[PDB]
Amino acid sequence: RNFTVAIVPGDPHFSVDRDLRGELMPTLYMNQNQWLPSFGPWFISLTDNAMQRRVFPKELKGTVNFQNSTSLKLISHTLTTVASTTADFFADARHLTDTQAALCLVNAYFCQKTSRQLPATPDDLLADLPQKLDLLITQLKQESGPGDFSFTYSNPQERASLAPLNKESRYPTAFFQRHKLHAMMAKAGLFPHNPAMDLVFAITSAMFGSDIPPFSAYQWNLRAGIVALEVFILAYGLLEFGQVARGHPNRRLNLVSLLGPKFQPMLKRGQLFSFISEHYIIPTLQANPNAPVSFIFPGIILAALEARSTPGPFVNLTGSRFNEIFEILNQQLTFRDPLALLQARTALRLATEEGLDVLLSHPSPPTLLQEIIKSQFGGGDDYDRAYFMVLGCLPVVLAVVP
């Protein structure tokens, strides 16, 4: 079950057993006499905060944290936590993965707007994904009027739950009323209340079985799908005019430094995302068909968590931006409380949805995204941005002896 992925054109292909991040990071702690990895300003601040926490797992407090680095246990557990943000923890047969729901939405929209035949197999959902996303995004840019990319809650108890309260299948009437992406797809005829044709239901009943109900009747799949679609929209927008051939002076990632002996015309608009879709998204989903969108692009999740936080020069010594990640780590490594871990997972997911709304509500979303990746994660070019979305960090080698 070995699979191969490639992130940017001209770069090497990576053959992995299961997970690229999980198999790449440990290899950076094998030359501890000469160098140790560093994962950027945000991870340096995370490491500083983690070592000060009164309640924090002892196994994540290894000596490497005090040597201008982050221990392997701390960096891998942090990245795993981020990758599980949009994973489904409700044991429900009516549920699709957020990635599958997002793919059904963008494919139904494409069939409604073009004369293209409805997708037959899950492979057809991923075929021409850059073109399907490009059509949805160019129409979303033309969506004038008030509203943002947020869900409307009218109660604090309602906000603390991912699913509708009192075991209901639908969210209250106001829930999606202010969401621009939902409004555009609703106007196009998707997810209707019922005999109005439901393209999403025709796709779900042909590939994902009879158990998946119409998105308007059981609205969890609509909410999860919208949020995963926001991640794909941000990923497309960030790489839209990307170029990687040029050796940028501010390029942080150096695979020759990190890998050592293990390593052996301009791009048109949308070509960098097409490469990542064909060589990374498709092989990742072929190996892990139920992968959440947070597993595909953990860098977008991290940038969204950072967008919530956003006068002059400033030093951030606060730990609030690490609270959701640290609570999951404390619940699964120290307290082992299954209920408290489920609540911690909900808090991380809600914080990400809040940050995604900040990113998409900005007048130029890729500009804010570029600023966060540069300031908090050290990414200076399109090559760094593409690798950061996939890895969740941009590791560098720093000599142990100066």
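Just count from 1 along the sequence shown to find any residue number.
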{"query": "Between neighbours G145 and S144, residues that the deposited sequence lists but the model omits", "finding": "none"}
{"query": "Unresolved deposited residues lying between neighbours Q264 and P265", "finding": "4 to 9"}
{"query": "Stretch exceeding the other in mean C-alpha B-factor - 91-99, 318-326", "finding": "91-99"}
{"query": "Average Cα temperature factor in the PDB entry - higher stretch of 267-275, 243-251", "finding": "243-251"}
{"query": "Largest Cα B-factor, entry values, listed residues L165, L238, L229, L79", "finding": "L165"}
{"query": "Out of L105, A224, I75, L259, highest CA B-factor residue", "finding": "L259"}
{"query": "CA B-factor ranking of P283, expressed as a third of its chain", "finding": "lowest"}
{"query": "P338 by Cα B-factor - lowest, middle or highest third of the modelled chain", "finding": "middle"}
{"query": "Cα B factor band for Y153 (lowest, middle or highest third within the chain)", "finding": "highest"}
{"query": "Third assignment of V396 from its chain's C-alpha B-factors", "finding": "lowest"}
{"query": "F297, C-alpha B-factor rank within chain (lowest, middle or highest third)", "finding": "lowest"}
